[PDB]
Amino acid sequence: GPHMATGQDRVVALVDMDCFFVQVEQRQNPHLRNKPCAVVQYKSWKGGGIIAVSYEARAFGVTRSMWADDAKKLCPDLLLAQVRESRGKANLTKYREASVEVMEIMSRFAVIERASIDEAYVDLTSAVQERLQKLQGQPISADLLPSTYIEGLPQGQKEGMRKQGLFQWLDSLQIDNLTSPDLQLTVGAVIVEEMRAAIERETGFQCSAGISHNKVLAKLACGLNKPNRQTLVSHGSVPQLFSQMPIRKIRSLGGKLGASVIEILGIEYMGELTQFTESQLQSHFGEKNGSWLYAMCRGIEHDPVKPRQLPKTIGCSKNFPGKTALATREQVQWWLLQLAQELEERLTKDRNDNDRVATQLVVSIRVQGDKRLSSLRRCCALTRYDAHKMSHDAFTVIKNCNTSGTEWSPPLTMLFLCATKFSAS
DNA sequence: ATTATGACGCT
Ligand SMILES: Nc1nc2c(ncn2[C@H]2C[C@H](O)[C@@H](COP(=O)(O)OP(=O)(O)OP(=O)(O)O)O2)c(=O)[nH]1
Ligand SMILES: [Ca+2]
Ligand SMILES: [K+]
């Protein structure tokens, strides 16, 4: 009882820009706004691969990783924006810069962990504490939560349902207790309304957010009510929420580990995990995964929000699928040079912006017919931001993969250069 | 012939 720590010490938020690349194109081109539209890469093969879909378009069944010519079968009025092409490859600079706009606004409110180009985690514990002192016992009005849902409420139309649930939550709230986790979450949610308002004011971008006591719950909460809405998942809401939550829906259980949890334990939903002892879970899935699962199925997770706003690596990738696979030496060299030239641009810009240099170059390749997604991964020293030297070094490091007797065999289906191991500058 | 990334764990 009094000694089971309940994982209620922190207020963590997960903010996620709704269909981010689509929003970036729709800010730049108003004719796309409030319309079924998607963002594609390339156009020749089946109209290009779709990588982002507005919610209007999603209502027609358009999804990511779907050819544009097929999405047009589901949605004949679909509008398409194309990713920039530079040096023969997709170039995602417009979106990295829009992402930095968003991240810099979020960093004004709290410390953020950049989880990907369009989502960040937020540690709000200090901010909530400050705000609770600033209220001086004043009760939190529903007007401060115009877009917040309270998961599991109401108990016992859609905006109506939302406001009913918020009303029940706020009526139950104990505002004189500056240490009640639920109050803390509620103030976190007010601050997240403010963050999202500032993001939309200052960028035009809308997002969704989850507010809970840890990153996994925040992330799960954020997906509950999209787009342009935020969701508070309280500790108390976890048993019901998890009682029908497929295991695959939890961050990091969507793959082979989730599938083996399901198969080995003979369960479907996250809450069923609570019936196993910690030792049992460790015995099946290893000591780290076991401990993490034992706590996570109880709503408890300790992974900190890392203070890291900038990416840890800067990478350049291109697949060469099917017949476009590279089969000559000139081909591999020219594409390694294209890759190294984009990477050098991004790296010099990073050095000027963020006062740091990369020190290690990683070269990954895939060879045709190889089952694995990386056929080889070798690193070398990165000592100057020079595209020609970088491409020469990558070739030097992969050349003993050619089995020909000017040809390249097996032909290459992927090149990949990554600058890593940053040091202050 | 979803592709372009990017974080992190394991050994
Ligand atoms: N090139 C490329 N970009 C991707 C891929 N997957 C996602 N992206 C880009 C486009 C998305 O807008 C953005 C963020 O990914 P998300 O999972 O958050 O989806 P998105 O923001 O589009 O939609 P959402 O509103 O969050 O459901 O990253 C991919 O496989 N390849
Ligand atoms: Ca998103
Ligand atoms: K994301």
Side-chain angles (χ1 to χ4, degrees), chain A residues 14 20-21 24 38-53 62-72 80 82-100 103 112-121 215-216 219 251-258 285-293 301 303-326 335 338-339 342-343 346-347 350 358 360 362-366 368-370 373-374 377 411-422:
Chain A
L14 186 274
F20 183 48
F21 287 24
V24 171
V39 170
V40 298
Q41 293 185 133
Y42 313 122
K43 213 72 197 45
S44 292
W45 187 273
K46 315 192 143 148
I50 283 170
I51 53 173
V53 193
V62 182
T63 80
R64 115 172 186 72
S65 107
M66 182 200 251
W67 297 117
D69 292 351
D70 294 334
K72 277 285 198 176
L80 296 182
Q82 255 172 287
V83 162
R84 180 174 293 129
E85 245 171 290
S86 294
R87 340 174 108 102
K89 67 178 296 300
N91 163 38
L92 306 176
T93 298
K94 193 195 308 183
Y95 316 105
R96 292 194 186 91
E97 289 179 351
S99 177
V100 163
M103 295 310 176
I112 78 152
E113 175 182 342
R114 181 198 201 269
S116 84
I117 192 163
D118 82 319
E119 88 190 40
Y121 292 93
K215 296 160 79 157
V216 164
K219 173 66 172 175
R251 201 215 37 92
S252 85
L253 300 182
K256 284 326 85 193
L257 173 61
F285 313 114
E287 152 202 302
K288 191 135 145 83
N289 286 333
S291 282
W292 184 87
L293 283 172
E301 195 232 10
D303 189 26
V305 172
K306 308 184 168 193
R308 192 191 72 248
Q309 202 191 319
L310 310 173
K312 179 165 326 185
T313 60
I314 293 181
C316 290
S317 204
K318 183 170 171 44
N319 294 342
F320 302 89
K323 163 276 189 53
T324 50
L326 317 186
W335 282 109
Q338 303 327 292
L339 274 206
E342 157 171 15
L343 178 57
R346 280 165 67 179
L347 282 169
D350 183 73
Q360 170 177 93
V362 181
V363 199
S364 201
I365 57 69
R366 192 146 83 251
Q368 164 173 65
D370 188 313
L373 302 81
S374 182
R377 183 130 214 178
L412 309 190
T413 46
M414 180 263 302
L415 293 175
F416 174 84
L417 292 181
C418 190
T420 71
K421 255 69 177 301
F422 280 100

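Naming convention: chains lettered A, B, ... in sequence-line order (proteins, then strands); numbering from 1 in each chain.
Among B/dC8, B/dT3, B/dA4, the nucleotide with an atom closest to any side-chain atom of A/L92 is B/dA4. The nucleotide whose nearest atom lies closest to any side-chain atom of A/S317 is, among B/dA1, B/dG6, B/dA4, B/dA4. When distances run from any side-chain atom of A/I51 to the nucleotides B/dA7, B/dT3, B/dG6, the shortest one goes to B/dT3. The side chain of A/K89 approaches B/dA4 more closely than any other nucleotide in the set B/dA4, B/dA1, B/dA7. When distances are taken from the side chain of A/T324 to each of B/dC8, B/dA1, B/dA4, the shortest belongs to B/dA1. The side chain of A/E342 has B/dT5 as its nearest neighbour among B/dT3, B/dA4, B/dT5. Distances from the side chain of A/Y42 to the nucleotides B/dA1, B/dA7, B/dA4 place B/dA4 closest. Side-chain atoms of A/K288 lie closest to B/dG9 of the nucleotides B/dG9, B/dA1, B/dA7.
In this model, the phosphate group of B/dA7 is approached by a side-chain N or O of A/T313 to a distance below 4.0 Å at OP1 or OP2.
Each of A/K46 and A/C316 was assigned the nucleotide of DNA chain B with the nearest heavy atom; the assignment lying further toward the 5' end belongs to A/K46. Looking at which nucleotide of DNA chain B each of A/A90 and A/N289 is closest to, the 5′-most match is held by A/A90.
Of the candidates A/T420, A/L417, A/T313, A/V362 forms a side-chain contact (heavy atoms from CB on, under 4.5 Å) with just one, namely A/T420.
Using a 4.0 Å heavy-atom cutoff across all strands shown, A/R96 reaches sugar-phosphate atoms only and no base atom. Among the atoms of the strands shown, only primed sugar atoms or phosphate atoms (P, OP1, OP2) are found under 4.0 Å from some heavy atom of A/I314. A/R366 comes within 4.0 angstrom of no nucleic acid atom, judged by non-hydrogen atoms across all strands.
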